[PDB]
């Protein structure tokens, strides 16, 4: 067992830090003057253009598929550096990565070649989005006997027709509400959308993923695809994740990701399990920013006392708990991503590890930011420090990419409940 970083892992960090410091620090001056979510998002376009130019979008795609991703650990390192400085743009990169993943994970080389092309070219500002979440919620999308996804699709001739609404998926409307360059739309197959999901059929068998592009949207009537709204968010105020309605929206059969059913569900689950693990690096980044700002402050400020405040046990106890939370978090993220990369391991073992990671890292980052604020004191409450921004941004993490209470805990629970569950298979191997 080994924790040493390769020169390429160290270079990835250096590269990521430099990008964050020289480019991402300039974003605030641009987006701060904009007075709604979309305007703020549009104001980050030149930074994502720079991200593309720096090869960061290409680094979201595995090398066998023509990308530049060296490993998930490299990716983890990069995301922590980006998020420790500025989630603006950084969030758009990971959202794109997630949007690309169903394609990256499917086993069709020609679909891959076709749809990944703009993302590996190193040019423009191509956006991807995994359009799963809905206005009515999704924690119970797989519940047998429940309503299921409210976005449904039916086959009509050589075409699929999408009806319903998505809400939350980052990048989904593109820069201009004419659509992301690639959206993966998750639907429940239904021949009559006005009829409830058949309670005698397993919801996972009815799942389909349809690839929707700018061209797809252009080939539809204008009111077949509409942005109804854009949520004003507590934090991550420069991201876009609109309320989209599909009305009789036509998609060619060649844009179906795979045969509807368990294989389509498996592509979604795999992608959200990859993300579950990697989201820990975003949480670490945000919390580390908090911990470091508090650490620096505590080692150079006496707060009208005679000694630096890090010398008070109560202040140091906070910084200690923060440090422990960040250290355990990163270890768990690195464990999770290498587990996911281990071909000798069963899915359920990878999934369990990925759920734990999401749950821990995201809950604990919140505590870390709040403890840092408490240690710094009143000064952390004003926007000449970064804590107000960090507080709002860190609270996204336990809620997003499938919230801990409704989704991640439940997925983990289902695995632990399995008769052949091996708690330590990822550590000591399978018996």
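Residue numbers count along the first chain shown, from 1.
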Taking only the CA atoms, which stretch has the higher mean B-factor in the record, 221-229 or 348-356? 221-229
Stretch with higher mean Cα temperature factor, 154-162 vs 140-148, is 154-162
Can you tell me which of 33, 380, 392, 404 has the maximum CA B-factor listed in the PDB entry? 33
Options 316, 282, 332, 257 - largest CA temperature factor per the record: 257
Would the CA B-factor of residue 68 place it in the lowest, middle or highest third of its chain? highest
Splitting the chain's C-alpha B-factors into thirds, which one does residue 40 fall into? middle
Can you tell me whether residue 363 has a C-alpha B-factor in the lowest, middle or highest third compared with the other modelled residues of the same chain? lowest
When the modelled residues of the chain are sorted by Cα temperature factor, does residue 106 land in the lowest, middle or highest third? highest
For the chain shown, is the CA B-factor of residue 125 in the lowest, middle or highest third of its modelled residues? middle
